[PDB]
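Heads up, the chain shows up twice below as structure tokens, two forms, tagged structure 1 and structure 2.
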Structure 1
């Protein structure tokens, strides 16, 4: 009834600063990655760590039948690869793996939704392959993979 996955030790949050694109997503419940109504079908556009180690997130979200940019803050906690968001719901963010150059893997809160981010709007097989491997104990009932044209669009088409 249990399941485990590698995570980040030695995460220098300051190094994740910049522009990013959500290249893949997966969740354990199909509804979470719902195009209209699911608050985890979000497209990360920029990450902004603060001097003390909080994290400003710029993301897009379908809302009022349109793609919309939210500015969101995520507070640090005692674990540097885990953060928190008290918006409509209470949301924990967990970074699993990153080389800071190419890919960043993270998950969000019994139903998890995970993303593979990249710094350029191209597919990268390494990133995906590490996404697939990092997830493969988690049973993911939905998986989404975007193409390079979608990476540069309003909520990925």
Structure 2
């Protein structure tokens, strides 16, 4: 869709803790319920020495907040990773300063998130998020407060 990627991305520097501060998707049903397919809350990024990205996340599964670990395998493009699915899906990093915020989208139909390092509404990062979204066909946008950010599955 989806032509904002980060130049010069250093994947090692996105390691560590993240909070899904805001989420957006092209279909309401991708994000509408707690158990909706793309309602996933990022907990931690672990880039591997190969330069694959391991993702720890929470997803509300059947009546509970399950912890999931997913591998995004690297591509020829440093800002684009691949997740193995049914068929499968690209993760693109649009923008990050490493230390405060990271924007990314998953496509294939589309969902994007604004990730932040701390449980804080980051006005700057949310501006960047909305700007990157105005380019995209989004029909639902969610945002979470600092209290929900400290809760499992933002409950």
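Residues that one form lacks are left out of the comparison. Take the two forms, find the largest set of C-alpha atoms that superpose within 1.5 Å, and that set is the rigid core. Positions refer to the first chain, counted from 1.
- Annotation: the position in 94, 128, 38, 67 displaced by at least 2 Å at CA between structures 1 and 2, with the core superposed, corresponds to 38.
- Once the rigid core is matched between structures 1 and 2, the CA atom of residue 139 is found 2.3 Å away.
- Comparing between structures 1 and 2 on a rigid core frame, one finds that residue 9 has its C-alpha moved by 1.1 Å.
- On a core-based overlay, residue 18 has a Cα shift of 0.3 Å between structures 1 and 2.
- In this core-based overlay, residues 3 to 6, 34 to 39, 87 to 89 form runs of three or more whose Cα positions differ by 2 Å or more between structures 1 and 2.
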